[PDB]
DNA sequence: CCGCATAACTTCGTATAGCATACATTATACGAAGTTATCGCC
DNA sequence: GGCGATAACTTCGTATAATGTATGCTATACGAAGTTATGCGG
DNA sequence: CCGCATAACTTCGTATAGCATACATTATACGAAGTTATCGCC
DNA sequence: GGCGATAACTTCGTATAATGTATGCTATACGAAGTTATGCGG
């Protein structure tokens, strides 16, 4: 019917309305689905539920994780719903098979992993080693780690701080205005403070790098092999490069990583969120202050962060050890 | 369709259902929508989503703020709903457009602005600079600034104070009765007391102006070129004239505005509410005792006025600094 | 047509799902509407929108409060909705006339009233006066006032306490299990705790009256002219009687009621709820604790209580006047 | 209809989508419903609102709790949903009678119960009494009580522990790996640690029995009439036998159980979780640590276990008892 | 033995306030164009 | 004796920040007409 | 003076976490039949 | 050297307390293969 292609044309015409990341994986899963359908001589676009059942079981037999299969189903649902057709997931066969896979894989022992923490005694050790550095690169790296630990920002947000957003309170402390986030979108935005410690690091960076020459410059820039910094107003330092600061620092402290082929063997971009949330909850701050520090809306999100507190030093052990 | 004719007759029959400030805006929107439709040969009254798309993109290209565009769409919704026709915002296209617009403009870095504060040190300065004038206009202005800062009333509420509404308690403080409340549940209360210091200024005005000859007189009035007051029971100073008091007082101490054309280069009708709130929050006053004084009910705006005070640095700064 | 008869028969057959106050008010509204329709020779049940427009304009000319007219419309809406017919309020002709009446009456200065507060100093004064009375009537009244001030319950819930509901902590405080409330209804529920002093008053009353020797008696009961209690398990004090206790206690201190015929000239059953809330607000208790103590769901209700406070002692005068 | 036959066949094809505990209840509910429909001579499968109403009122006359009645309605709604029919809960009359039953039965004084708490004093007493014993069946029971109290694990997940899940730290404490988690995101984490004292018990049990001779053996097993232990790897000790340990040890101190026929007259499987919760609350451990320790995501349950402690008395008690 | 009359509550009706959740009006900011009641020269 | 100049304010239109009202039920406020037990002087 | 090297960062492709709102499935409690490995009394 | 009496559990059914998953979208993790400016043999 024409209305399907009309709706698809409308969805593509305002492609900017979705995230940059949401389009990438719609296409990625569409490749795999169409390839499997062709290999088995089945019509690929208007999916038939008894074929989707076979596809899901085939994905299970390959050994993919449950959240991968959740993604693979979720995009086909999105595509049909936005086309204006009934979802595949409305039929009982796929609805029950998804539960069956979840049950059997969880009973076999699969679980969700979590990033390796980065706690205050690590920040103190890194700072103790790096404080004497006169390299521009070390100044940049230490200032970044300071902002990351203090604000609990995402890496994607730290990549886009304009110089014009840096402002000062009545005293010495710095204030950063963040604007939109992964959830908030408004011109009122959120504003966050920095301690009398890390502002010396940020102000040293700004003074040495000279990014202050134009209010449209970004704070963070490429530093080349020569050691010169290349200020810019039109290109952002990639998140793929920001992860390398964490990896290089962990290698500096503990030496080289092994080839085991498992995730989270070293610090990664999420490590500072976890470590700050653990340090703050262990110190006994109240739930409302934790919520205001992190900016979450639902209190149970806190229980997703503090999951892996060290049982060998928790409340009951101290209580029974008298 | 004569049913629309009926619905319109039954709408403007009860036109007093809406503020005159609403009617002022609805016609200003319709003039622009009709002019654009005329220029582009579109049919103007029953809006088509493929027209509303193009019009919203034209407003974006003209550079209006996001909330101006939301105002423009809101009035078109109101006109359709009261006409009985399907609400244009319900269409799939225009919601995708609005999402694209706001996400683009927020990525361009638009930020909300806020009134310049008028603070205790300024009230002390203007007082010690002006209180010796015999010129009646100076007495009138110095009394107005005192009532404004002491009561946090909005200027449209201050313009309506009858001299009938003043009373004088046994301790000598003036009590101002609130004639017309803003809301059926008057969250601000019903009566406000002036300081002893301000009372002397208001008594100076009442004695000089002769306005106490009749209870129905308005407390504030125009002063002619001759330097003589003109009491009235039937007319009020325009709020436009009251804004001139703030402008002239700022111009008296500082220079003049830049040619930059930006808003909030000088004190304005909300400068007192902001400044008083910041003074209260800098002292020890509790959040609900602040919130009750100004008549707010949402936390958000009270936070938005105090966010940059060094009381509000939060739990992480407290942990880091000790 | 006659399916309406089935719908109404179902609504009547299960009517115990609704509070009896909701039926009592509905029948009075129907008597009013039917009497007016009979006076003007109109058909009464299916509410033609222009008829209810005439009826609302007739009510406004009697000078009834805005809340009364809202109630009169709200019951006719509910009667149509539950019958399975289009609401009369769905017409623009009715909702605009309501919006007009609301906005016009506020220009005449109408506002919602509030009960007279009963604060801590009054409680201490009454205890100082009555503590030594040997009349069991005084022991009862002083226990009732102590509970009502401590626990912030509605008097309709204080009338409902069984002797089964009373327990003690190991510290000797008393706990009252509330169960049902005006908004929360479950077999688990709220439990509230008295201070030591109020427990001494309650135990004094229990010991004197003997009500506690059978667990299913109610805690409060009538006392005859002779000064002897009459325990019961099947009847309880009217709320009218509990209001009489407040009014008599006010007349004990201030001697006589004014002849002016205004409402809220003396303490009434709501007086204690308002007073404790004000005492908490002046004490600087945080919003989450005030919310927990009152049991309210949403922060706006806090602002709905502290509407009235003494401006002549308020923060702004206290700050400006040193 | 063939659609029903196919939907039922699909529901049977994937039967592992639900726990066996869901199937058991669905069958008991269907037997009850079909028996009642047979006795009253009505068609039973395509259930009708009048029949569900009559059945619900029949269940109320047996005096079943309101949560049992809601369970009975729930399973019939599941059966209808998965059969692909409209469901009784969406109907009008069922929604009214569920209100009627709830409100009437709450006003009748129906009350929710809790487990009898097994607190630190009881564990110290039982240990001081039993620990001298040398017969294997006593050592088993004391080791089980120690693990249950220290870990807060539930009895079912305690039965699953294979001996290869035990491991030892260089601190001499014993760690238990959870194995199968309850949920994909394990709020309780992944590993539990025993205190030294409980480890001294477990080492005795694991050395007196032969269980350690194969890493696949279950940690607990039958002990026969002559004290011979019967280690196994295919079969695990039934939960019913685990409840017997709590009941028998209670009976050993407090004698014969009362005849009143109520629940919770003696300790049961939850007595340890409630006891350890209250023991932590007395020590002032903050709510986030208690919630992470026991794995609760909803604060309401932790609150319902600690209301009775006077530490939870509200701010009005602090204001009165200043 | 008696009739009476004061306490201390109960029942009834017409007015008015409270709650929790879901989504649209209502006011101020600024530049430009018009008043019309007094300073001034000549 | 006027014509002219000019303070101090009023009215208009487009741009942007702030605060509100509708639903669907639950309560309380007041006074007037009633009811059932004892105290008192016969 | 030219060519070759190598720090330091971009694109690209499959794989797994995080969120905020809305609505049911999963486990323990406890009578009471039923099983089987042994003592007990000849 | 045979029969029956006892633990010490196991399986079953119905009644009541407690914790869970689905949806729609946004982000991070990691290996691999380009890019492009400086360093420096000779």
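Below are the figures for this structure:
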{"quantity": "For chain C, fraction of C-alpha pairs farther apart than 34 Å, in %", "calculated": "42"}
{"quantity": "Convex hull of Cα atoms in the stretch A:224-305, direction-averaged projection (nm²)", "calculated": "9.0"}
{"quantity": "Pairwise label distance in nanometres, residue C:154 with residue C:8, each label 7 Å out on the Cα-Cβ vector", "calculated": "2.9"}
{"quantity": "In degrees, nearest ten, helix A:239-254 long axis to first principal axis of chain A (Cα)", "calculated": "60"}
{"quantity": "Kirkwood Rh and Cα Rg combined as Rg over Rh, evaluated for the protein assembly as shown", "calculated": "0.97"}
{"quantity": "Label 7 Å beyond Cα on the Cβ vector: residue A:212 copy-to-copy distances, nm", "calculated": "5.9, 6.9, 7.5"}
{"quantity": "Max mean-square fluctuation residue, GNM over chain A, Cα-Cα springs under 10 Å, options A:193, A:156, A:34", "calculated": "A:34"}
{"quantity": "Chain D: angle of helix D:20-39 to the longest principal axis, Cα-based, in degrees nearest 10", "calculated": "40"}
{"quantity": "Cα Rg over Rh - the stretch C:1-142, Kirkwood", "calculated": "1.19"}
{"quantity": "Förster radius 51 Å - calculated FRET efficiency between residue B:185 and residue A:89 (Cβ-Cβ, nearest 0.05)", "calculated": "0.60"}
{"quantity": "Alpha-carbon centroid distance for the pair the stretch A:91-156 / the stretch C:237-265, whole angstrom", "calculated": "66"}
{"quantity": "Kirkwood Rh (inverse of mean 1/r, distinct Cα pairs), the stretch B:78-206, angstrom", "calculated": "19.2"}
{"quantity": "Highest-fluctuation residue, D:25, D:291, D:174 considered, GNM on chain D with Cα pairs under 10 Å", "calculated": "D:25"}
{"quantity": "Copy-to-copy label separations for residue C:82, where each label sits 7 Å from Cα toward Cβ, in nm and ascending", "calculated": "3.4, 3.7, 4.7"}
{"quantity": "Cβ-based exposure ranking for D:297, B:68, in which fewest neighbours within 10 Å come first", "calculated": "B:68, D:297"}
{"quantity": "Choice from D:259, D:122, D:90 showing the highest fluctuation, given a GNM over chain D with Cα pairs closer than 10 Å", "calculated": "D:90"}
{"quantity": "Partner chain coverage, peptide C:6-16 - average Cβ within 10 angstrom", "calculated": "3"}
{"quantity": "Debye intensity ratio in log₁₀ form over the Cα atoms of the stretch A:196-266, taken at each q of 0.17 Å⁻¹", "calculated": "-0.82"}
{"quantity": "FRET efficiency estimate (nearest 0.05) - Cβ-Cβ, residue B:214 to residue C:40, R0 30 angstrom", "calculated": "0.05"}
{"quantity": "FRET efficiency estimate (nearest 0.05) - Cβ-Cβ, residue A:289 to residue D:252, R0 35 angstrom", "calculated": "0.15"}
{"quantity": "Inter-copy label distances at residue C:252 (7 Å, Cα→Cβ; nm, one decimal)", "calculated": "6.0, 6.0, 7.7"}
{"quantity": "On Cα atoms only, tilt of B:66-83 relative to the major axis of chain B in degrees", "calculated": "70"}
{"quantity": "Relative contact order (%) - criterion: Cα under 8 Å, at least six apart; region: the stretch B:113-317", "calculated": "27"}
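Backbone-built Cβ (ideal geometry, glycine too); neighbour counts: all protein chains shown. Every read-out reported here was derived from the displayed coordinates using simple, explicitly stated rules and does not represent laboratory data.
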